[PDB]
Structures are given as structure tokens and as C-alpha cells.
Amino acid sequence: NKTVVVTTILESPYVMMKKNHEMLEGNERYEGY
């Protein structure tokens with residue numbers, strides 16, 4: 001088993017930067033549908 005690399009785009013409200021994305025790393029930087 002390996003970590004699956006997911007390509008995505010920053011498009012609201014599918015993928016957005018969390019308010020404190022700069023205090024967050026990896027997947028935690030992003031939020032959205």
C-alpha cells in the first residue's frame with residue numbers, strides 16, 4: 001500500500017485554502033467540497 005497522489009485544482013468550493021493554510025501542511029492546507 002502506498003499513499004495515493006491526488007492531483008487537484010484550487011477551485012471554490014471544491015478546493016480552497018483554509019483560513020490558516022500557512023499554519024497547516026499537506027492536505028490540511030486545503031478545504032472544500
# chains A, B, ... in the order shown; residues from 1 in each chain; ligands from 1
$ residues_around --residues "stretch 3-14 of chain A" --least-positions-apart "2" --cutoff "8 Å" --atoms "only C-alpha atoms" --output "ChimeraX atom specification"
/A:1,16-17,31-33
$ write_last_selection --atoms "C-alpha atoms" --output "PDB file, in the first residue's frame"
ATOM      1  CA  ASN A   1       0.000   0.000   0.000  1.00  0.00           C
ATOM      2  CA  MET A  16      -9.913  26.277  -1.240  1.00  0.00           C
ATOM      3  CA  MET A  17      -7.122  27.460   1.016  1.00  0.00           C
ATOM      4  CA  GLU A  31     -10.662  22.795   2.330  1.00  0.00           C
ATOM      5  CA  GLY A  32     -13.732  22.476   0.185  1.00  0.00           C
ATOM      6  CA  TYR A  33     -16.315  20.180  -1.373  1.00  0.00           C
TER       7      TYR A  33
END
$ select_by_dssp --residues "chain A" --states "helix (DSSP H, G or I)" --output "ChimeraX atom specification"
/A:21-23,26-29
$ residues_around --residues "residue A:28" --least-positions-apart "6" --cutoff "12 Å" --atoms "only C-alpha atoms" --output "JSON, numbers by chain"
{"A": [15, 16, 17, 18, 19, 20, 21, 22]}
$ write_last_selection --atoms "N, CA and C atoms" --output "short mmCIF file (atom, residue, chain, number, x, y, z; two decimals), in the first residue's frame"
data_model
loop_
_atom_site.label_atom_id
_atom_site.label_comp_id
_atom_site.auth_asym_id
_atom_site.auth_seq_id
_atom_site.Cartn_x
_atom_site.Cartn_y
_atom_site.Cartn_z
N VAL A 15 -12.11 23.06 -3.81
CA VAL A 15 -10.83 23.10 -3.10
C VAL A 15 -10.45 24.56 -2.88
N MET A 16 -10.25 24.92 -1.62
CA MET A 16 -9.91 26.28 -1.24
C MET A 16 -8.81 26.23 -0.19
N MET A 17 -8.10 27.34 -0.06
CA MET A 17 -7.12 27.46 1.02
C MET A 17 -7.86 27.72 2.32
N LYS A 18 -7.58 26.90 3.33
CA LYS A 18 -8.09 27.17 4.66
C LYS A 18 -7.57 28.51 5.15
N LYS A 19 -8.34 29.15 6.03
CA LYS A 19 -8.00 30.48 6.53
C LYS A 19 -6.55 30.54 6.99
N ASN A 20 -6.13 29.56 7.79
CA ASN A 20 -4.76 29.49 8.28
C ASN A 20 -3.95 28.42 7.55
N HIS A 21 -4.16 28.28 6.24
CA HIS A 21 -3.43 27.29 5.44
C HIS A 21 -1.92 27.38 5.63
N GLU A 22 -1.40 28.58 5.93
CA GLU A 22 0.03 28.74 6.18
C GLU A 22 0.46 28.19 7.53
#
$ select_by_dssp --residues "chain A" --states "strand (DSSP E or B)" --output "NGL selection string"
:A and (16-17 or 30-31)
$ write_last_selection --atoms "N, CA, C and O atoms" --output "mmCIF file, in the first residue's frame"
data_model
loop_
_atom_site.group_PDB
_atom_site.id
_atom_site.type_symbol
_atom_site.label_atom_id
_atom_site.label_comp_id
_atom_site.auth_asym_id
_atom_site.auth_seq_id
_atom_site.Cartn_x
_atom_site.Cartn_y
_atom_site.Cartn_z
ATOM 1 N N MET A 16 -10.247 24.919 -1.621
ATOM 2 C CA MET A 16 -9.913 26.277 -1.240
ATOM 3 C C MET A 16 -8.813 26.227 -0.193
ATOM 4 O O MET A 16 -8.619 25.213 0.482
ATOM 5 N N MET A 17 -8.096 27.336 -0.055
ATOM 6 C CA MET A 17 -7.122 27.460 1.016
ATOM 7 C C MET A 17 -7.855 27.721 2.322
ATOM 8 O O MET A 17 -8.665 28.647 2.412
ATOM 9 N N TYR A 30 -5.827 22.698 2.675
ATOM 10 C CA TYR A 30 -6.915 22.906 1.737
ATOM 11 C C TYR A 30 -8.235 22.480 2.361
ATOM 12 O O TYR A 30 -8.288 21.555 3.174
ATOM 13 N N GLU A 31 -9.307 23.142 1.934
ATOM 14 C CA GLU A 31 -10.662 22.795 2.330
ATOM 15 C C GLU A 31 -11.580 22.937 1.130
ATOM 16 O O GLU A 31 -11.235 23.566 0.127
#
